[PDB]
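Peer 1: any chance you can model this:
(chains A, B, C, D, E, F, G and H)
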Amino acid sequence: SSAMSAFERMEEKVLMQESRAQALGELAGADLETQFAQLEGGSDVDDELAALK
Amino acid sequence: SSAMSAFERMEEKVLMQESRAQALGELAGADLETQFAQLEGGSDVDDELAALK
Amino acid sequence: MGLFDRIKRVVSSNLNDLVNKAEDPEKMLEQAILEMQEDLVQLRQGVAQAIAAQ
Amino acid sequence: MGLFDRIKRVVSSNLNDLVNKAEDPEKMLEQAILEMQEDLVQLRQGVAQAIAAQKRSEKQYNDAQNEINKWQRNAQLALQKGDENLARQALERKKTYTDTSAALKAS
Amino acid sequence: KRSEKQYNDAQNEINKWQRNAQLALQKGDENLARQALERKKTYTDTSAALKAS
Amino acid sequence: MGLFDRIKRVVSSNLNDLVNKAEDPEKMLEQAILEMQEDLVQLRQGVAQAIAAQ
Amino acid sequence: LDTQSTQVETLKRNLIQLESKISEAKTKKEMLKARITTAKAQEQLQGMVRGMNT
Amino acid sequence: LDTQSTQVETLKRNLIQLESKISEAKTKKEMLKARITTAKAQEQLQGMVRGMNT
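Peer 2: Numbering: from 1, shown residues only, chains lettered A, B, ... in the order given. The structure is reproduced below:
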């Protein structure tokens, strides 16, 4: 459909745009271990969560 | 008859048109279980009907 | 002719891309809503007509 | 004509030398860097686009792989009422989506 | 000596946030203390970066 | 033409250097901050709009 | 009249479902438009990796 | 009706397979288009072998 083919197109456009936006940082990065630390805080955050909880 | 052959023709046309209209959704569908839930609400609606009744 | 087919597909592949160039994601989505709403109005008009006939 | 060829080569050999005259070694090197950097930007944009396309196509595979089990869940929820046709069709659709998932994982 | 200001704030805050989490969990709410922990981790990362700087 | 390419690159290599000449290190850094802050404002406006939509 | 009652109820269900669909679709439209507005400026503003200008 | 049931199921299998094919084909289309975009600029930018300009 016309109004439904416009919607799906812009939707896929949105998806690709967000993927690129995340890719720029995903492409860059201070260091692979820095990337992983950014992904996951590490033992520090787990210990803090356990202690406060 | 002329006026009676026009009527029956457009009638069958109506039937096929409605069949297609239902077919599009019948052809599509989020999931077979989603299709069945759309067909029938499930235990939730039966329980609600029993409780309110 | 295969020549004509391929030359035509070649000429479409430039208009298609100019159109994709003048696409704007936010602004474009508006029509996808406006036209949906308009044809929804038409559909509910038909629904009302059936109700009224009954 | 050979006459035209040689007269043209004669006229180029003067513009070429005026251009070599207005050449400055330091200042000139700047463009050799600026344009390299700009086209490097373009190349890395393409690299990012490829990365993003892969990270997007991962979406359907993730859906299908989690679905390879969501379909068992649906079949269980169906057979819990005692119907086997619904669970069987869930199995068929799960096999379809599993083949899709395998193809997408290879991709 | 001015950039030291933000680091001092964040370092004293690395403990003020534990104080806030304690004052929150003293009513029996864990979401507030957990969000306090998350913000404390954020401010601790900020403090570490600022201390290196 | 290669002639035109090289003559154009020759003319750019003088404007580029006049621009580098009228560069001032301290004063210049100010824009690198002002524009960052302005587009940060725009980004946080978008963030707020998403929050509000939810 | 009973037949038309069935028809109008099956036509009532139709319209309710399609109105729900267009409404949820508009909700998604707004959330994704906010997404776009975030991204548009977001890609002019990111980490300051020393090895690029962008 | 049973015969048409067989027909419609064999027609259901047909369409599922062909939709899968077109979808995977579009996936390949996107990945290869990214490939092309890499290559296009890539061939203007390569190692600086002293014995060529290119």
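
Peer 1: quick one: contacts for residue A:21?
Peer 2: G:39, G:42-43 (CB atoms under 8 Å, 6 or more residues apart in numbering or on different chains). Where you see a C-beta, it was placed from the backbone N, CA and C, and this is true even at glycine.

Peer 1: scratch that, residue G:45
Peer 2: F:36, F:39-40, F:43.

Peer 1: where do the helices sit along chain G?
Peer 2: G:2-42 (DSSP state H).

Peer 1: looking at the contacts of residue G:45, state which has the most neighbours.
Peer 2: Top of the contacts of residue G:45 by neighbour number is residue F:43, holding 18 neighbours under the definition other CB atoms under 10 Å in any protein chain shown.

Peer 1: which secondary structure elements does the helix or strand hosting that residue sit against?
Peer 2: Under the criterion of DSSP states H and E, residue F:43 resides in helix F:25-53. With contacts defined as 3 or more CB pairs under 8 Å, 6 or more residues apart in numbering or on different chains; DSSP states H and E, the packing partners of helix F:25-53 are helix G:2-42.

Peer 1: is there proximity between the helix it packs on and chain D?
Peer 2: No: residues of helix G:2-42 contacting chain D under CB under 8 Å from any CB of the partner chain: none, with a closest distance of 11.9 Å.

Peer 1: what helices or strands is that helix leaning on?
Peer 2: Against helix G:2-42 (3+ CB pairs under 8 Å, 6+ apart) you get helix A:2-27, helix C:25-53, helix F:25-53.

Peer 1: for the shortest one, which positions count as buried?
Peer 2: It refers to helix A:2-27. A:3, A:6-7, A:9-11, A:13-14, A:16-24, A:27 (16 or more other CB atoms under 10 Å in any protein chain shown).

Peer 1: on that earlier part again, relative to the whole chain's centre, how far out is the helix holding residue F:43?
Peer 2: In terms of CA atoms, centre = their mean, to the nearest Å, the centre of helix F:25-53 is found 14 Å from the chain centre.

Peer 1: angle of that helix against helix G:2-42?
Peer 2: 170 degrees (axes from the mean of the first three to the mean of the last three CA atoms, to 10 degrees).

Peer 1: now do the buried residues in helix F:25-53.
Peer 2: Neighbour-count burial for helix F:25-53 [16+ other CB under 10 Å]: F:42-43, F:46.

Peer 1: what do you get for stretch G:24-36?
Peer 2: Result for stretch G:24-36 [16+ other CB under 10 Å]: buried residues G:25, G:29-30, G:32-36.

Peer 1: stretch A:45-53 too?
Peer 2: Buried-residue list, stretch A:45-53, by 16+ other CB under 10 Å: A:45, A:48, A:52.

Peer 1: go through these and name the one nearest residue H:53.
Peer 2: residue A:45 (54.1 Å; CB to CB).

Peer 1: ok, that closest one - contacts?
Peer 2: residue E:41.

Peer 1: so which strand or helix has it?
Peer 2: helix A:43-52.

Peer 1: got the angle between that helix and helix E:3-25?
Peer 2: Going by the same axes, to 10 degrees, helix A:43-52 makes 40 degrees with helix E:3-25.

Peer 1: return the distance of helix A:43-52 from the chain's centre.
Peer 2: 23 Å.

Peer 1: repeat that for stretch G:15-25.
Peer 2: 11 Å.

Peer 1: middle-most residue in the chain, spatially?
Peer 2: This is for chain A. residue A:22 (5.5 Å; CA atoms, centre = their mean).

Peer 1: nope, chain C please
Peer 2: residue C:32 (8.2 Å).

Peer 1: please report the distance of it from chain H.
Peer 2: According to CB to the nearest CB, to the nearest Å, residue C:32 stands 21 Å off from chain H.

Peer 1: one more: residue A:39?
Peer 2: 24 Å.

Peer 1: residue C:18 now?
Peer 2: Relative to chain H, residue C:18 is positioned 17 Å away (CB to the nearest CB).

Peer 1: and what of residue A:22?
Peer 2: Residue A:22 is 16 Å from chain H, by CB to the nearest CB.

Peer 1: and for residue C:6?
Peer 2: Taken as CB to the nearest CB, the span from residue C:6 to chain H is 19 Å.

Peer 1: secondary structure element for that residue?
Peer 2: Going by DSSP H and E, residue C:6 is part of helix C:2-21.

Peer 1: packing partners of that helix?
Peer 2: Using 3+ CB pairs under 8 Å, 6+ apart: helix C:2-21 touches no other helix or strand.

Peer 1: so who does residue C:17 touch?
Peer 2: Residue C:17 neighbours (CB under 8 Å, 6+ apart): none.

Peer 1: from chain C, which residue is nearest to chain H?
Peer 2: Residue nearest to chain H within chain C: residue C:17 (11.8 Å; CB to the nearest CB).

Peer 1: with chain A instead?
Peer 2: Closest point on chain A to chain H, by CB to the nearest CB, is residue A:16, at 8.8 Å.

Peer 1: what would the contacts of residue G:45 look like in JSON lines with distance to residue H:54?
Peer 2: Putting the contacts of residue G:45 into JSON lines (distance: CB to CB, whole Å) gives the following:
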{"residue": "F:36", "distance to residue H:54": "38"}
{"residue": "F:39", "distance to residue H:54": "38"}
{"residue": "F:40", "distance to residue H:54": "42"}
{"residue": "F:43", "distance to residue H:54": "41"}
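
Peer 1: what is the nearest of those to residue G:52?
Peer 2: residue F:36 (15.7 Å).

Peer 1: check contacts around the closest one.
Peer 2: Per CB under 8 Å, 6+ apart, neighbours of residue F:36: residue G:45.
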